[PDB]
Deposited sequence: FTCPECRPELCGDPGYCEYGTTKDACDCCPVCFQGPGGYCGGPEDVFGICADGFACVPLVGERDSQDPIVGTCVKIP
């Protein structure tokens, strides 16, 4: 999949990001990090992006996982 030219004004606000903020797969719109134990991954990380210090660990093609703290 290929990304459009980013127009930040078209991005919806992410709300308060309890676990921190990052940008979407196109490096365009702000999105909230997923917290521990929550879904992550899938195409373009549609089901969530784990916060710094956390890894998307596969559920027991783009893998789907949950966010788990990296020890």
query	finding
Ranges missing from the model, given as deposited sequence positions	61-66
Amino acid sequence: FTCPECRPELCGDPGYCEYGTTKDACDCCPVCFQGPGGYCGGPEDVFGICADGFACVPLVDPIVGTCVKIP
From here on, numbers count along this sequence of modelled residues.
item: Identity of residue with top Cα B-factor, from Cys17, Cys11, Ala25, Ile63; value: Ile63
item: Modelled-residue ranking by C-alpha temperature factor, third containing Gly48; value: lowest
item: Chain third (lowest, middle, highest) by recorded CA B-factor, residue given as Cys3; value: highest
item: Cα B factor band for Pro36 (lowest, middle or highest third within the chain); value: middle
